[PDB]
Amino acid sequence: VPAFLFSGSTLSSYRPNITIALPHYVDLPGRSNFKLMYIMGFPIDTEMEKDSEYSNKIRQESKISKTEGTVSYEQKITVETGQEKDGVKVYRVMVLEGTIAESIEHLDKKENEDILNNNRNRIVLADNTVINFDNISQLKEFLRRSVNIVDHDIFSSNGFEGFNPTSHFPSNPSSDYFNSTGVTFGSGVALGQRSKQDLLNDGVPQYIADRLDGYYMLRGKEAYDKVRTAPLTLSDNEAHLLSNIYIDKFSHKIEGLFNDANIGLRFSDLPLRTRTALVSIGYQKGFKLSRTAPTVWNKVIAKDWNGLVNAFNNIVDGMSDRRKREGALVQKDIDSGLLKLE
């Protein structure tokens, strides 16, 4: 209580200031009610309901779900491990104002295991609210979920974009863009316009990109004929890696449109499921949502979240069930308190 309080190491974006083992008392810069006690050079975060000039007041619990939730991929977090009883809390700081990725890396270290396995783990967010985790594995999963711009498992699921690991040709004559269409893999990754070098630049591993030789730049009948005549089936692992690379790249185009609207939020401030819904509709209808799905985009820019649900539900495209799944993602976030309504 706490066990191994001084074990392991700490990643920190700030440091306090003749080697001293005496307690040192500092304030995190720019934060109210963030007060740290350094002992043995380790940051310790204490809370007490009783008044103290050496401790913080009890912090409010976050509404974010420890099982299903995320933190913005653009925000810094503080990760802590510790104990709490009866209006007194003592937590060793493992990560002080670090990135999600730095945190994932740091919390994977073996020297940290003992301290993380044997104490209560929590995240202290930028807003000074906290998320309390059942165990370290759950926290790690929360962080991994939070680095993603969209939820890839949802996006590639049957109800939305679908996933085919075998080279396929989405089109034909009567087209519907026959000679425009090209060999496609996983969830919509199309090679008609892309060289191997393009895939390499986007970070596709050499082994995958070499596998794709002969499918690059093929279009129309040559592409159909190639798919039918000499298909290639990637393993689910490689096809997902390829797909997620291109899904992320696309999602950044959507992110850029939304951020350029300058509405007082950044794309990263929207919860995961909502970001996923917007990327899903963009991927199917074309990325400029102001032109391609105006009812949706107007609700987004207005920050009217219930209205956005309704706009998804009201789209009549011949795709409508997928439009409704997208809306239901948004509704789930509203119900989770992640979209605050006026």
# chains A, B, ... in the order shown; residues from 1 in each chain; ligands from 1
>>> residues_around(residues="segment 2-8 of chain A", least_positions_apart="3", cutoff="8 Å", atoms="only C-alpha atoms", output="NGL selection string")
:A and (40 or 42 or 82-83 or 90-92 or 111-112 or 114-115 or 118-119)
>>> residues_around(residues="residue 48 of chain A", least_positions_apart="4", cutoff="10 Å", atoms="only C-alpha atoms", output="mmCIF file with C-alpha atoms, in the first residue's frame")
data_model
loop_
_atom_site.group_PDB
_atom_site.id
_atom_site.type_symbol
_atom_site.label_atom_id
_atom_site.label_comp_id
_atom_site.auth_asym_id
_atom_site.auth_seq_id
_atom_site.Cartn_x
_atom_site.Cartn_y
_atom_site.Cartn_z
ATOM 1 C CA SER A 52 -3.688 20.363 3.217
ATOM 2 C CA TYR A 54 0.881 19.675 0.689
ATOM 3 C CA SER A 55 -1.827 17.568 -1.051
ATOM 4 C CA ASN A 56 -4.406 17.828 -3.834
ATOM 5 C CA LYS A 57 -8.166 17.747 -3.237
ATOM 6 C CA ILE A 58 -9.998 14.591 -4.314
ATOM 7 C CA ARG A 59 -10.272 14.481 -8.107
ATOM 8 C CA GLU A 84 -6.716 4.795 -2.170
ATOM 9 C CA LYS A 85 -8.750 4.543 1.016
ATOM 10 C CA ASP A 86 -11.164 6.817 2.918
ATOM 11 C CA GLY A 87 -10.479 10.281 1.438
ATOM 12 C CA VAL A 88 -6.737 9.631 1.086
ATOM 13 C CA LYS A 89 -5.112 8.560 -2.193
ATOM 14 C CA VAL A 90 -1.482 7.825 -2.964
#
>>> atom_distance(atom1="atom CA of residue 53 of chain A", atom2="atom CA of residue 120 of chain A")
25.1 Å
>>> select_by_dssp(residues="segment 25-219 of chain A", states="strand (DSSP E or B)", output="ChimeraX atom specification")
/A:25-27,35-39,42-48,56,61,77-85,88-98,120-124,130-133,164-168,182,184-186,189-190,219
>>> atom_distance(atom1="atom CA of residue 273 of chain A", atom2="atom CA of residue 332 of chain A")
8.0 Å
>>> residues_around(residues="residue 296 of chain A", least_positions_apart="4", cutoff="9 Å", atoms="only C-alpha atoms", output="PyMOL selection string")
chain A and resi 278+289-290+300-301+307-312+315
>>> atom_distance(atom1="atom CA of residue 329 of chain A", atom2="atom CA of residue 271 of chain A")
10.0 Å
>>> select_by_dssp(residues="segment 74-312 of chain A", states="helix (DSSP H, G or I)", output="JSON, numbers by chain")
{"A": [100, 101, 102, 103, 104, 105, 106, 107, 108, 110, 111, 112, 113, 114, 115, 116, 117, 136, 137, 138, 139, 140, 141, 142, 143, 144, 145, 146, 152, 153, 154, 155, 196, 197, 198, 199, 200, 201, 206, 207, 208, 209, 210, 211, 220, 221, 222, 223, 224, 225, 226, 227, 228, 229, 236, 237, 238, 239, 240, 241, 242, 243, 244, 245, 246, 247, 248, 249, 250, 251, 252, 253, 254, 255, 256, 257, 258, 259, 260, 267, 268, 269, 272, 273, 274, 275, 276, 277, 278, 279, 280, 281, 282, 283, 284, 285, 289, 290, 291, 292, 294, 295, 296, 297, 298, 299, 300, 301, 305, 306, 307, 308, 309, 310, 311, 312]}
>>> residues_around(residues="residue 123 of chain A", least_positions_apart="4", cutoff="7 Å", atoms="only C-alpha atoms", output="list in words")
residues 77, 78, 79, 80, 130, 131 and 132 of chain A
>>> residues_around(residues="residue 106 of chain A", least_positions_apart="2", cutoff="9 Å", atoms="only C-alpha atoms", output="list in words")
residues 9, 10, 11, 94, 95, 101, 102, 103, 104, 108, 109 and 112 of chain A
>>> closest_residue(among="A:61, A:213, A:113, A:49", to="residue 127 of chain A", atoms="only C-alpha atoms")
A:61
>>> closest_atom_pairs(of="segment 55-173 of chain A", to="segment 246-270 of chain A", cutoff="7 Å", atoms="only C-alpha atoms", output="CSV")
residue,atom,partner,partner_atom,distance
A:72,CA,A:268,CA,5.2
A:73,CA,A:268,CA,6.2
A:74,CA,A:268,CA,6.3
A:149,CA,A:248,CA,6.8
>>> residues_around(residues="segment 161-175 of chain A", least_positions_apart="6", cutoff="7 Å", atoms="only C-alpha atoms", output="list in words")
residues 155, 181, 182, 183, 184, 185, 186, 187, 224, 227, 231, 232, 233, 234, 235, 236 and 239 of chain A
>>> write_last_selection(atoms="N, CA, C and O atoms", output="mmCIF file, in the first residue's frame")
data_model
loop_
_atom_site.group_PDB
_atom_site.id
_atom_site.type_symbol
_atom_site.label_atom_id
_atom_site.label_comp_id
_atom_site.auth_asym_id
_atom_site.auth_seq_id
_atom_site.Cartn_x
_atom_site.Cartn_y
_atom_site.Cartn_z
ATOM 1 N N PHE A 155 -14.929 -0.617 -39.115
ATOM 2 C CA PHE A 155 -14.898 -0.131 -40.494
ATOM 3 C C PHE A 155 -14.864 -1.282 -41.521
ATOM 4 O O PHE A 155 -15.539 -1.247 -42.553
ATOM 5 N N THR A 181 -11.798 1.190 -62.831
ATOM 6 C CA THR A 181 -11.652 0.263 -61.709
ATOM 7 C C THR A 181 -10.400 -0.602 -61.819
ATOM 8 O O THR A 181 -9.975 -0.959 -62.914
ATOM 9 N N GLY A 182 -9.865 -1.022 -60.681
ATOM 10 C CA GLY A 182 -8.586 -1.710 -60.661
ATOM 11 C C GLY A 182 -8.566 -2.799 -59.607
ATOM 12 O O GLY A 182 -9.546 -3.006 -58.890
ATOM 13 N N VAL A 183 -7.498 -3.574 -59.573
ATOM 14 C CA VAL A 183 -7.405 -4.624 -58.568
ATOM 15 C C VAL A 183 -7.499 -4.066 -57.135
ATOM 16 O O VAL A 183 -6.806 -3.121 -56.784
ATOM 17 N N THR A 184 -8.353 -4.681 -56.320
ATOM 18 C CA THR A 184 -8.641 -4.219 -54.973
ATOM 19 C C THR A 184 -8.415 -5.330 -53.948
ATOM 20 O O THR A 184 -8.674 -6.521 -54.232
ATOM 21 N N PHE A 185 -7.918 -4.941 -52.771
ATOM 22 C CA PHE A 185 -7.618 -5.867 -51.666
ATOM 23 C C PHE A 185 -8.168 -5.375 -50.341
ATOM 24 O O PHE A 185 -8.258 -4.161 -50.105
ATOM 25 N N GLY A 186 -8.481 -6.321 -49.463
ATOM 26 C CA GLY A 186 -8.890 -6.014 -48.107
ATOM 27 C C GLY A 186 -10.132 -5.149 -48.056
ATOM 28 O O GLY A 186 -11.143 -5.524 -48.659
ATOM 29 N N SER A 187 -10.099 -4.006 -47.355
ATOM 30 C CA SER A 187 -11.295 -3.168 -47.452
ATOM 31 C C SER A 187 -10.983 -2.037 -48.398
ATOM 32 O O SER A 187 -10.547 -0.981 -47.977
ATOM 33 N N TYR A 224 -9.988 -6.882 -64.421
ATOM 34 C CA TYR A 224 -10.972 -7.955 -64.306
ATOM 35 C C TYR A 224 -10.337 -9.271 -64.732
ATOM 36 O O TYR A 224 -10.319 -10.250 -63.986
ATOM 37 N N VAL A 227 -7.783 -10.504 -62.093
ATOM 38 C CA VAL A 227 -8.484 -11.009 -60.920
ATOM 39 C C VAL A 227 -9.075 -12.408 -61.180
ATOM 40 O O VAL A 227 -8.940 -13.325 -60.364
ATOM 41 N N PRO A 231 -5.967 -14.777 -59.396
ATOM 42 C CA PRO A 231 -6.235 -14.132 -58.111
ATOM 43 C C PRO A 231 -5.073 -14.309 -57.146
ATOM 44 O O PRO A 231 -4.251 -15.205 -57.343
ATOM 45 N N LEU A 232 -5.004 -13.440 -56.134
ATOM 46 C CA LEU A 232 -4.086 -13.618 -55.011
ATOM 47 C C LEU A 232 -4.843 -13.391 -53.719
ATOM 48 O O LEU A 232 -5.602 -12.409 -53.573
ATOM 49 N N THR A 233 -4.646 -14.305 -52.779
ATOM 50 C CA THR A 233 -5.287 -14.217 -51.481
ATOM 51 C C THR A 233 -4.254 -13.953 -50.394
ATOM 52 O O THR A 233 -3.375 -14.782 -50.123
ATOM 53 N N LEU A 234 -4.353 -12.776 -49.788
ATOM 54 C CA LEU A 234 -3.493 -12.421 -48.674
ATOM 55 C C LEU A 234 -4.026 -13.061 -47.404
ATOM 56 O O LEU A 234 -5.223 -13.321 -47.280
ATOM 57 N N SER A 235 -3.148 -13.289 -46.443
ATOM 58 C CA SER A 235 -3.593 -13.738 -45.138
ATOM 59 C C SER A 235 -4.338 -12.596 -44.487
ATOM 60 O O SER A 235 -4.118 -11.432 -44.818
ATOM 61 N N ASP A 236 -5.231 -12.921 -43.573
ATOM 62 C CA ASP A 236 -5.978 -11.884 -42.911
ATOM 63 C C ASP A 236 -5.040 -10.861 -42.265
ATOM 64 O O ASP A 236 -5.326 -9.660 -42.280
ATOM 65 N N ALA A 239 -3.546 -8.527 -45.178
ATOM 66 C CA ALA A 239 -4.646 -7.737 -45.731
ATOM 67 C C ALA A 239 -5.156 -6.651 -44.758
ATOM 68 O O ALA A 239 -5.389 -5.517 -45.168
#
>>> decode(residues="segment 138-154 of chain A", atoms="N, CA, C and O atoms", output="PDB file, in the first residue's frame")
ATOM      1  N   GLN A 138      -6.271  -3.923 -19.024  1.00  0.00           N
ATOM      2  CA  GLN A 138      -7.407  -3.121 -19.480  1.00  0.00           C
ATOM      3  C   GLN A 138      -6.982  -1.697 -19.864  1.00  0.00           C
ATOM      4  O   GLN A 138      -7.508  -1.104 -20.811  1.00  0.00           O
ATOM      5  N   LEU A 139      -6.030  -1.156 -19.113  1.00  0.00           N
ATOM      6  CA  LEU A 139      -5.519   0.178 -19.363  1.00  0.00           C
ATOM      7  C   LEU A 139      -4.737   0.167 -20.664  1.00  0.00           C
ATOM      8  O   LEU A 139      -4.933   1.019 -21.536  1.00  0.00           O
ATOM      9  N   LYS A 140      -3.852  -0.817 -20.799  1.00  0.00           N
ATOM     10  CA  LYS A 140      -3.107  -0.995 -22.042  1.00  0.00           C
ATOM     11  C   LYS A 140      -4.020  -1.093 -23.264  1.00  0.00           C
ATOM     12  O   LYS A 140      -3.751  -0.498 -24.317  1.00  0.00           O
ATOM     13  N   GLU A 141      -5.122  -1.818 -23.117  1.00  0.00           N
ATOM     14  CA  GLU A 141      -6.064  -1.958 -24.216  1.00  0.00           C
ATOM     15  C   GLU A 141      -6.738  -0.618 -24.512  1.00  0.00           C
ATOM     16  O   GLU A 141      -6.996  -0.274 -25.671  1.00  0.00           O
ATOM     17  N   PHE A 142      -7.038   0.133 -23.456  1.00  0.00           N
ATOM     18  CA  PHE A 142      -7.627   1.475 -23.598  1.00  0.00           C
ATOM     19  C   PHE A 142      -6.700   2.418 -24.400  1.00  0.00           C
ATOM     20  O   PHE A 142      -7.131   3.103 -25.336  1.00  0.00           O
ATOM     21  N   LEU A 143      -5.422   2.438 -24.034  1.00  0.00           N
ATOM     22  CA  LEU A 143      -4.435   3.222 -24.775  1.00  0.00           C
ATOM     23  C   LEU A 143      -4.340   2.783 -26.252  1.00  0.00           C
ATOM     24  O   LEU A 143      -4.322   3.631 -27.167  1.00  0.00           O
ATOM     25  N   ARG A 144      -4.291   1.465 -26.489  1.00  0.00           N
ATOM     26  CA  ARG A 144      -4.144   0.976 -27.859  1.00  0.00           C
ATOM     27  C   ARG A 144      -5.342   1.392 -28.676  1.00  0.00           C
ATOM     28  O   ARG A 144      -5.218   1.747 -29.840  1.00  0.00           O
ATOM     29  N   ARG A 145      -6.506   1.362 -28.046  1.00  0.00           N
ATOM     30  CA  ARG A 145      -7.726   1.789 -28.703  1.00  0.00           C
ATOM     31  C   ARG A 145      -7.608   3.285 -29.032  1.00  0.00           C
ATOM     32  O   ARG A 145      -8.027   3.735 -30.115  1.00  0.00           O
ATOM     33  N   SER A 146      -6.999   4.044 -28.113  1.00  0.00           N
ATOM     34  CA  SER A 146      -6.967   5.514 -28.221  1.00  0.00           C
ATOM     35  C   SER A 146      -5.985   6.057 -29.272  1.00  0.00           C
ATOM     36  O   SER A 146      -6.149   7.184 -29.729  1.00  0.00           O
ATOM     37  N   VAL A 147      -4.951   5.288 -29.634  1.00  0.00           N
ATOM     38  CA  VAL A 147      -4.052   5.760 -30.704  1.00  0.00           C
ATOM     39  C   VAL A 147      -4.694   5.730 -32.094  1.00  0.00           C
ATOM     40  O   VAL A 147      -4.187   6.336 -33.028  1.00  0.00           O
ATOM     41  N   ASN A 148      -5.800   5.022 -32.247  1.00  0.00           N
ATOM     42  CA  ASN A 148      -6.381   4.878 -33.578  1.00  0.00           C
ATOM     43  C   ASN A 148      -7.300   6.037 -33.926  1.00  0.00           C
ATOM     44  O   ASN A 148      -8.130   6.456 -33.117  1.00  0.00           O
ATOM     45  N   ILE A 149      -7.158   6.544 -35.144  1.00  0.00           N
ATOM     46  CA  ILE A 149      -8.075   7.552 -35.635  1.00  0.00           C
ATOM     47  C   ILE A 149      -9.502   7.027 -35.881  1.00  0.00           C
ATOM     48  O   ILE A 149     -10.500   7.708 -35.577  1.00  0.00           O
ATOM     49  N   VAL A 150      -9.626   5.815 -36.414  1.00  0.00           N
ATOM     50  CA  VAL A 150     -10.954   5.193 -36.527  1.00  0.00           C
ATOM     51  C   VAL A 150     -10.921   3.782 -35.973  1.00  0.00           C
ATOM     52  O   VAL A 150      -9.850   3.256 -35.722  1.00  0.00           O
ATOM     53  N   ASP A 151     -12.080   3.153 -35.794  1.00  0.00           N
ATOM     54  CA  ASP A 151     -12.053   1.794 -35.277  1.00  0.00           C
ATOM     55  C   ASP A 151     -11.998   0.878 -36.491  1.00  0.00           C
ATOM     56  O   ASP A 151     -13.008   0.704 -37.184  1.00  0.00           O
ATOM     57  N   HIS A 152     -10.842   0.246 -36.710  1.00  0.00           N
ATOM     58  CA  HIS A 152     -10.647  -0.549 -37.923  1.00  0.00           C
ATOM     59  C   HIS A 152     -11.552  -1.776 -37.979  1.00  0.00           C
ATOM     60  O   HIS A 152     -12.022  -2.153 -39.059  1.00  0.00           O
ATOM     61  N   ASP A 153     -11.788  -2.402 -36.828  1.00  0.00           N
ATOM     62  CA  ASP A 153     -12.623  -3.607 -36.787  1.00  0.00           C
ATOM     63  C   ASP A 153     -14.050  -3.290 -37.227  1.00  0.00           C
ATOM     64  O   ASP A 153     -14.638  -4.021 -38.002  1.00  0.00           O
ATOM     65  N   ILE A 154     -14.591  -2.174 -36.761  1.00  0.00           N
ATOM     66  CA  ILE A 154     -15.916  -1.748 -37.207  1.00  0.00           C
ATOM     67  C   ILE A 154     -15.905  -1.414 -38.695  1.00  0.00           C
ATOM     68  O   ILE A 154     -16.763  -1.883 -39.459  1.00  0.00           O
TER      69      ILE A 154
END
